[PDB]
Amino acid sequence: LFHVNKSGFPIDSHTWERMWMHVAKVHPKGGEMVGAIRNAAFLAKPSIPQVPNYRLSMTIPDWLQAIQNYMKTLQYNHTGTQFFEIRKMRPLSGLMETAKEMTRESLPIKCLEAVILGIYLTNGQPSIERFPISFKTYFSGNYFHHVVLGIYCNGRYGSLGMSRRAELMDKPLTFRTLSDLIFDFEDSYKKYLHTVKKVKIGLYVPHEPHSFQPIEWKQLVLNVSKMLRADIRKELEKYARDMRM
């Protein structure tokens, strides 16, 4: 059960208590842990990381690493309450405002928030093409949903993202094909005994921050659990060729 904050900032008492009741149940130390934080008269102010800025002294791999590092400093959100609401069908202009709000509130983010932030921080670099990569996976009788931000620059594929697993987020710009990047996520999921049920490739996200256009999250959908790799490759390669055309 995952909650999304629909109260803005400061978080309302209803959402705030619900988050605390959730962490007290999931945690074996429960109330002792909760009281230690909530009743502490003095709590140390966490540092606000600086929003990274693109410099001519940087290569595209350097700039992507700086963006990823900022996302890592914000931290993966393990509270069970997602702080910023991401409406997938929303025009990009709206989502860029939420991206700016994330840099101002400076709180932990989940996978979706990280994709929107990644788009936001790469809008100014025209050689970098961005597109969402969505996975529906299976593990221990349940389905999981995850999103990363696919990158294409100078004949190489990579990704930016946030996940609780180090191998399911950022990938360096070394993949010669889209298929190599996807297959790497599939092999990375394997480490966690997940079966990739679906792969969804969206369209290249416009670089215009005030775009009326929503993000396209599913131009290509593949049932990779029912397919052989030669066929997943064929499909992914036909589509990536079209993206570059």
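Numbering starts at 1 and follows the sequence shown.
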| query | Comparing 15-23 with 224-232, which has the greater mean CA B-factor as deposited? | reply | 15-23
| field | Stretch with the greater mean C-alpha B-factor as recorded in the entry, comparing 77-85 against 150-158 | value | 77-85
| note | Residue set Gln65, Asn39, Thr177, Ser188, per-entry CA B-factor max assigned to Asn39
| task | Sort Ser163, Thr122, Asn142, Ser127 by C-alpha B-factor from the entry and give me just the highest. | result | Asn142
| query | Relative to the other modelled residues in the chain, which third contains the C-alpha temperature factor of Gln50: lowest, middle or highest? | reply | highest
| remark: In terms of its chain's C-alpha B-factors, the third that includes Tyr192 is the middle
| Modelled-residue ranking by C-alpha temperature factor, third containing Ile182 | lowest
| request: Please rank the C-alpha B-factors of the chain's modelled residues and tell me whether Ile215 sits in the lowest, middle or highest third. | output: lowest
| note | So, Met33's CA B-factor, relative to its chain, sits in which third? The highest
